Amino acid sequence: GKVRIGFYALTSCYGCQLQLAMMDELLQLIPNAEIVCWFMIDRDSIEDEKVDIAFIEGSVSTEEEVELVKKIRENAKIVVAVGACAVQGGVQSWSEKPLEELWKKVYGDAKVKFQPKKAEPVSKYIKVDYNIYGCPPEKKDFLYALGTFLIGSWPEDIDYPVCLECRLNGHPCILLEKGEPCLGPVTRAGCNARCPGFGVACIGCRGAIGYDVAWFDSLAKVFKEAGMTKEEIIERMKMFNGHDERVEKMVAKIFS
């Protein structure tokens, strides 16, 4: 048989899908596999078909997406949450304001037949078996995962900060020489330190990691010298970790 792969969409910018779709010899790098649901490129997809690997992109932001992830979980052997939207609830997850206030601010008092929920990751409603990180994730994050799966192995995630990748390429640390509030120390690696490589601080697009190794002589020292309060770091980290209940503790520990 062939490995049945599907790709399914919650609420998202479709960028994670588009990154896959733009991988050029994509067909020639999944030769073991067949793509049985992917509505963005295939008019013949079927949603309630069972699959070996399910890729879900986006936050659970409607009542129908709730009942939907319970269907994919039921119909799929491996559930892979893909992207900052599906892994952490995304940039649409960093107001804490309740749904009504947001509904009222954008739509006025109007109503809509469908039911909007508060942005929420896939982990909130079903068991996720793997996460591919980033907003969007790299091409190599998909090559690696699709690659390791289609041989029978199981993929594993990088757990060290961007800073290792930034020093290896020799980028000047814009946190130090420039005092921009780079989230590298607390964002997992993988992107080849793209943003510091262009002279811009990292905004954490690949999800918070724990600062359990003194990669700075004193991150506390630099953070205070360049004038960035604990409240200022926690909020910048919310941009991509609006539901991470440890984020508050990792920062306070840093400033310890």
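Start at 1 and count along the sequence shown; that's the residue number.
Trainee: Which wins on mean Cα temperature factor, 83 to 91 or 102 to 110?
Mentor: Stretch with the higher mean C-alpha B-factor: 102 to 110.
Trainee: Would you mind comparing 12 to 20 and 244 to 252 for me and telling me which has the higher average C-alpha temperature factor in the entry?
Mentor: In the deposited entry, the stretch with the higher C-alpha B-factor mean is 244 to 252.
Trainee: Among the choices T229, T187, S59, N192, identify the one whose CA B-factor in the record is greatest.
Mentor: Among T229, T187, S59, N192, the highest C-alpha B-factor in the entry belongs to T229.
Trainee: Out of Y133, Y160, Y144, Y125, which shows the largest CA B-factor listed in the entry?
Mentor: Top of the list by C-alpha B-factor: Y125.
Trainee: Going by the entry, which third of its chain does the Cα temperature factor of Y211 land in?
Mentor: It falls in the top third of the chain.
Trainee: Once the chain's modelled residues are ordered by C-alpha B factor and cut into thirds, is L150 in the lowest, middle or highest one?
Mentor: It belongs to the middle third of the chain when residues are ordered by C-alpha B-factor.
Trainee: Sort the modelled residues of this chain by their C-alpha B factor and say whether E34 lands in the lowest, middle or highest third.
Mentor: Middle third - that is where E34 ends up once the chain's C-alpha B-factors are sorted.
Trainee: Using the temperature factors of the C-alpha atoms in this entry, rank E96 within its chain: lowest, middle or highest third.
Mentor: It belongs to the highest third of the chain when residues are ordered by C-alpha B-factor.
Trainee: Select lowest, middle or highest to describe the third in which the CA B-factor of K178 falls within its chain in this entry.
Mentor: For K178, whose C-alpha B-factor we compare with every modelled residue in the chain, the answer is the middle third.
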